[PDB]
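In structure tokens, one chain follows: the form deposited in one PDB entry.
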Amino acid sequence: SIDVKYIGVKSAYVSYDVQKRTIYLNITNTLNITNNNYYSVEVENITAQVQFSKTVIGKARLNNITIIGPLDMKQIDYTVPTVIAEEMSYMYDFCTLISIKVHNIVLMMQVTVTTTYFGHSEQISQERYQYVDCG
């Protein structure tokens, strides 16, 4: 990868930015640029590539075979009872949360059992996260 940048606020080549309650008087500028970028990414000069796969079974006897794939889940349990009794009193709540399995991002590729691969593979993730905000 090339130039995978995360900028918090602002990005530029040249910036003359002026913000607040300042004062200019008689400012002069100038700029001369000769930029050039000969990207030559991910090029191939191949004569004979032979991917392959096979299986040969002869005079065999096979019984009770099991091939699971990854990331299984079984017999899980969640129990979040919230009981509230009360009598002749005073209560008050604010910004109460109960969270179970709260996802944000799930990126999956080549999640297989068998995988012959030739080439490139990328996974990029840029974000600004904030779960709870109260006051």
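For the two forms, the rigid core is made up of the largest set of C-alpha atoms that agree within 1.5 Å on superposition. Residues that one form lacks are left out of the comparison. Numbering starts at 1 and runs along the sequence shown.
Beyond what is shown, the protein has a form deposited in another entry; the following relates to that form.
When the rigid core is used for the superposition, does residue 39 move between this form and the one not shown (threshold: C-alpha shift of 2 Å or more)?
No; residue 39 is a residue whose C-alpha shifts by less than 2 Å between this form and the one not shown when the cores are overlaid.
Taking the rigid core as the superposition reference, indicate whether the CA of residue 89 shifts 2 angstroms or more between this form and the one not shown.
Yes.
Where the Cα shift reaches 2 Å or more for at least three residues in a row, which ranges qualify between this form and the one not shown on a rigid core fit?
Moving regions between this form and the one not shown: 19-23, 84-94.
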